[PDB]
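Peer 1: Take the sequence shown: its letters are residues 1 to 394, 399 to 431, numbered as in the authors' numbering. By construction, the Cβ of each residue, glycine as well, lies at the ideal position given by its N, Cα and C atoms. One structure, pasted below without further comment.
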Amino acid sequence: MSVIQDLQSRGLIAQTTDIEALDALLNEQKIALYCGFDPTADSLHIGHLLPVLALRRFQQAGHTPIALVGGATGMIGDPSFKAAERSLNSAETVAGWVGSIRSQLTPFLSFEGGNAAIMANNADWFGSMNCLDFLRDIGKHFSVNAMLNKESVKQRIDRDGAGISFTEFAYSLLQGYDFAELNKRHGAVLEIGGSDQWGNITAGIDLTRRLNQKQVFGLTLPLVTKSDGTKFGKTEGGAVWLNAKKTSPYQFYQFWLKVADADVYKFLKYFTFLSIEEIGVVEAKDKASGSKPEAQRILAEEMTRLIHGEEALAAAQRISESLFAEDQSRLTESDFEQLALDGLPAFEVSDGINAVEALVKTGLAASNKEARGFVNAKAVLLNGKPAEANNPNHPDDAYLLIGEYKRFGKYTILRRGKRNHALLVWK
Ligand SMILES: N[C@@H](Cc1ccc(O)cc1)C(=O)O
């Protein structure tokens, strides 16, 4: 199967300058392509996965991928399809983020063989480029009227928009020059990016022709949309980060389990490296069997193993099988650290708290008298087992939370009823 044919089978080609010439080029020889990533936070999230995965899909076919970290463009800010001005980050801020997201992109690509990936930083050439040379050597090739009519910023320019500063209005010049520079340095003849990068990609296509007299191509990936209209990574708990210390592999694994039946087969094509045929068998088995669909679990296993690793997937599976389980002895200290991060509503308690005190402190009851009914109804579980009396009282301390209930001397899973429960953390 062709490289382009594989991407269009997955619905991964949104816009491309010449699909026939790009397809014929990839079958005739191996090329170098590049994609740019701007440091806007201390870590990436799932909304950034498509471009770096698409780079890997090209590297699998023997092409050389270039991952550009925006050490310089991150100091300006991409205004493409943004209705409000981004704020300016400090040089110290961006330099740290450059090292962070660089450590997150490198695992996705191979650095062996002739097609080994290349990590680039546009601060290498902009960090020593004088402002006059910037405005002249780059700026003379840009028409302000053409810049104003770009869809990516036209909504900001109109009378209804919030306006744009000269800073962000100049961003397409930096990203445009990156394509010409990477074409000169590493023979980059293709730039891929997110769906909102069409304006800045074609700018680097034109600029590469004017500066290097070379024909290059651009391809944008689809906007990851959901069937119900909601945003892709918007969850109740926030964003689904790639850094395990921001979102636990359990919650990462949980996010992909909850994918809708309409979205799960497209997400398998977008994000996994299972073949179109393998995904086609997964879909047909679910569509023919009257049982629950298996695609969400397969999606969750593929994404957790890819981003976090095989052991972290095992941890997420072990937590998922133990959190609502009768026997929780499988949970480890690291498993509870995941739970305290974003697995369960965590609450700090100290020695001496009884059962009804923790039942209302965690929100599992409105009042203690209401929780006292839940206690005597045998509807309260501690680490999978119902609470038992263990005191000669003093009034409500008959059900006390003593050290026996402390998992690793720090954690206790408090459960009330069939659903909804909390995590106790001992200080
Ligand atoms: N504009 C891209 C980042 C980028 C930076 C430099 C480039 O050459 C290309 C792309 C983004 O907003 O995500």
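Within 10 angstroms of its Cβ, does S172 collect 16 or more other Cβ (buried), or is it exposed?
Peer 2: The sequence position of residue 172 within the sequence shown is 172, counting from 1. With 16 or more Cβ atoms within 10 Å of its Cβ, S172 is classed as buried.
Peer 1: Am I right that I164 and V153 are in contact with their C-beta atoms under 8 Å? What's the rounded C-beta distance?
Peer 2: What you label residue 164 is simply residue 164 of the sequence shown in a count that begins at 1. What you label residue 153 is simply residue 153 of the sequence shown in a count that begins at 1. Indeed they touch by this definition, with Cβ atoms about 6 Å apart.
Peer 1: How about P51 and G74: are their beta carbons less than 7 Å apart?
Peer 2: Start at 1 with the first residue of the sequence shown, and residue 51 comes out as number 51. Start at 1 with the first residue of the sequence shown, and residue 74 comes out as number 74. Going by C-beta atoms, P51 is not nearer than 7 Å to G74.
Peer 1: For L418, which residues of its own chain have a beta-carbon under 8 Å away from its beta-carbon, when the five flanking residues on both sides are left out?
Peer 2: In the sequence shown, counting from the first residue as 1, residue 418 sits at position 414. Correct list, in chain order: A358, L359, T362, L364, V380, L381, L382, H425, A426, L427 and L428.
Peer 1: Is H394 buried or exposed, if buried means 16 or more other CB atoms sit within 10 Å of its CB?
Peer 2: Translated into the one-based positions of the sequence shown, residue 394 becomes position 394. Of the residues assessed, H394 falls on the exposed side of the cut-off, its CB having fewer than 16 other CB atoms within 10 angstroms.
Peer 1: Can you list, in chain order, the residues of its chain with a C-beta nearer than 6 Å to that of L257? Leave out the 5 residues immediately preceding and following it.
Peer 2: As a working note, residue 257 is residue 257 in the sequence shown. So the list reads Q296 and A300, once near-sequence residues are dropped.
Peer 1: Of the residues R57, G36 and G47, which one's Cα is nearest the Cα of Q5?
Peer 2: Along the sequence shown, read from residue 1 onward, the residue named residue 5 stands at position 5. Ranking the options by Cα distance to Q5, first place goes to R57.
Peer 1: Going by beta carbon distance, what residues of the same chain come within less than 6 Å of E321, once the five residues before and after it are set aside?
Peer 2: The residue labelled residue 321 in the question sits at position 321 within the sequence shown. Taken in chain order, the list of residues that qualify is empty.
Peer 1: Excluding five sequence neighbours on each side, which residues of the same chain lie with their C-beta closer than 7 Å to the C-beta of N390?
Peer 2: As a position in the sequence shown, residue 390 is number 390, starting the count at 1. Closer than 7 Å at Cβ, skipping near neighbours: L404 and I406.
Peer 1: With a threshold of 6 Å, establish whether the CB of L68 neighbours any heavy atom of ligand 1.
Peer 2: As a working mapping, residue 68 is identified with position 68 in the sequence shown. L68: yes, Cβ under 6 Å from ligand 1.
Peer 1: So, does the region 366 to 376 touch the region 332 to 352, judging by three or more C-beta pairs under 8 Å?
Peer 2: no
Peer 1: Whole angstroms is fine: what's the gap from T272's alpha carbon to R159's?
Peer 2: Residue 272 sits at position 272 when you count from the first residue of the sequence shown. Residue 159 sits at position 159 when you count from the first residue of the sequence shown. For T272 and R159, the distance between alpha carbons rounds to 43 Å.
Peer 1: Could you name the residues that DSSP lists as bridge partners for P386?
Peer 2: Here residue 386 corresponds to residue number 386 of the sequence shown, with the count starting at 1. Its beta-bridge partners are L381.
Peer 1: Inspect the beta-carbon positions of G187 and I201 and report whether they are closer than 7 Å.
Peer 2: As a first step, residue 187 is located in the sequence shown; it is residue number 187 there, counting from the start. As a first step, residue 201 is located in the sequence shown; it is residue number 201 there, counting from the start. Not a contact, by the Cβ cut-off of 7 Å.
Peer 1: Among residues of its own chain, excluding the 5 on either side of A95, which ones have a beta-carbon nearer than 8 Å to its beta-carbon?
Peer 2: Against the sequence shown, residue 95 aligns to sequence position 95. Excluding sequence neighbours, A95 sits near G71.
Peer 1: Determine the burial state of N115: buried for a count of at least 16 other Cβ atoms within 10 Å of its Cβ, exposed for fewer.
Peer 2: Taking the sequence shown and counting its residues from 1, the one referred to as residue 115 is at position 115. Under this definition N115 is a buried residue.
Peer 1: With respect to the alpha helix (DSSP H) encompassing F324, which residues constitute its N-terminal and C-terminal limits?
Peer 2: As a position in the sequence shown, residue 324 is number 324, starting the count at 1. Careful: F324 lies outside any alpha helix (DSSP H) and carries neither H nor E.
Peer 1: Return the residue from the list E181, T16, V69 and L7 that minimises the CA-CA distance to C35.
Peer 2: Position 35 of the sequence shown holds residue 35. Among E181, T16, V69 and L7, the Cα nearest to that of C35 is on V69.
Peer 1: May I ask you to check if the CB of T202 is nearer than 6 Å to at least one heavy atom of ligand 1?
Peer 2: Translated into the one-based positions of the sequence shown, residue 202 becomes position 202. Answer for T202: no, Cβ out of range of ligand 1.
Peer 1: Is the beta carbon of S195 closer than 7 Å to that of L174?
Peer 2: Translated into positions along the sequence shown, residue 174 becomes position 174. Translated into positions along the sequence shown, residue 195 becomes position 195. Taking 7 Å as the Cβ cut-off, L174 and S195 do not qualify as a contacting pair.
Peer 1: If contact is defined by three or more beta carbon pairs under 8 Å, each pair taking one atom from either stretch, is the region 80 to 90 in contact with the region 129 to 148?
Peer 2: No, the region 129 to 148 is not in contact with the region 80 to 90.
Peer 1: When you compare only the Cα positions, how much space is there between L306 and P107?
Peer 2: The sequence position of residue 306 within the sequence shown is 306, counting from 1. The sequence position of residue 107 within the sequence shown is 107, counting from 1. Each residue's Cα considered, the two are about 9 Å apart.
Peer 1: By the three-class DSSP mapping on this structure, what secondary structure does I4 have?
Peer 2: Within the sequence shown, the letter at position 4 stands for residue 4. Three-state DSSP puts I4 in a helix.
Peer 1: Suppose you measure from the CA of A146 to the CA of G199; what does that come to, to the nearest Å?
Peer 2: Along the sequence shown, read from residue 1 onward, the residue named residue 146 stands at position 146. Along the sequence shown, read from residue 1 onward, the residue named residue 199 stands at position 199. Cα-Cα distance, rounded: 10 Å.
Peer 1: Which runs of the beta strand (DSSP E), 3 residues or longer, sit entirely within the region 124 to 210?
Peer 2: 188 to 193
Peer 1: Leaving out five residues before and five after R210 in sequence, what residues of the same chain have Cβ atoms less than 7 Å from its Cβ?
Peer 2: The residue labelled residue 210 in the question sits at position 210 within the sequence shown. So the list reads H141, once near-sequence residues are dropped.
Peer 1: Please tell me whether, using a cut-off of 6 Å, the distance from the CB of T73 to the nearest non-hydrogen atom of ligand 1 is below it.
Peer 2: Within the sequence shown, the letter at position 73 stands for residue 73. For ligand 1, at least one heavy atom lies less than 6 Å from the Cβ of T73.
Peer 1: Is any heavy atom in ligand 1 found nearer than 6 Å to the beta carbon of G36?
Peer 2: Locating residue 36 in the sequence shown gives position 36, where the first residue counts as 1. Checking every heavy atom of ligand 1 against the Cβ of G36, one is found closer than 6 Å.
Peer 1: Can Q175 be considered in contact with ligand 1, in the sense that its beta carbon sits closer than 6 Å to one or more heavy atoms?
Peer 2: Working through the sequence shown from its first residue, we reach residue 175 at position 175. If you check the C-beta of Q175 against ligand 1, you find a heavy atom less than 6 Å away.
Peer 1: What residue range is occupied by the uninterrupted beta strand (DSSP E) comprising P79?
Peer 2: Walking along the sequence shown from the start, residue 79 turns up at place 79. It is not in any beta strand (DSSP E) - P79 carries neither H nor E in the DSSP assignment.
Peer 1: What residue range is occupied by the uninterrupted beta strand (DSSP E) comprising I307?
Peer 2: Translated into the one-based positions of the sequence shown, residue 307 becomes position 307. That residue, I307, is in no beta strand (DSSP E); its alpha helix (DSSP H) goes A295 to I307.
Peer 1: What distance in whole Å lies between the Cβ atoms of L109 and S248, which are believed to be in contact at a cut-off of 8 Å?
Peer 2: Numbered from 1 along the sequence shown, position 248 holds the residue referred to as residue 248. Numbered from 1 along the sequence shown, position 109 holds the residue referred to as residue 109. Not a contact, Cβ separation roughly 25 Å.
Peer 1: Taking all protein chains shown into account, do 16 or more other C-beta atoms lie within 10 angstroms of the C-beta of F111, making it buried, or fewer, making it exposed?
Peer 2: Locating residue 111 in the sequence shown gives position 111, where the first residue counts as 1. Exposed, since its Cβ has fewer than 16 Cβ neighbours within 10 Å.
Peer 1: How about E277 and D286: are their beta carbons less than 7 Å apart?
Peer 2: Residue mapping note: residue 277 aligns to position 277 of the sequence shown, counting from 1. Residue mapping note: residue 286 aligns to position 286 of the sequence shown, counting from 1. No Cβ-Cβ contact shorter than 7 Å links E277 with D286.
Peer 1: Just to confirm, are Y253 and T332 a CB contact at a threshold of 7 Å?
Peer 2: Numbered from its first residue, the sequence shown carries residue 253 at position 253. Numbered from its first residue, the sequence shown carries residue 332 at position 332. The answer is no: Cβ separation not under 7 Å.
Peer 1: Please classify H425: does DSSP put it in a helix, a strand, or coil?
Peer 2: As a first step, residue 425 is located in the sequence shown; it is residue number 421 there, counting from the start. Three-state result, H425: strand.
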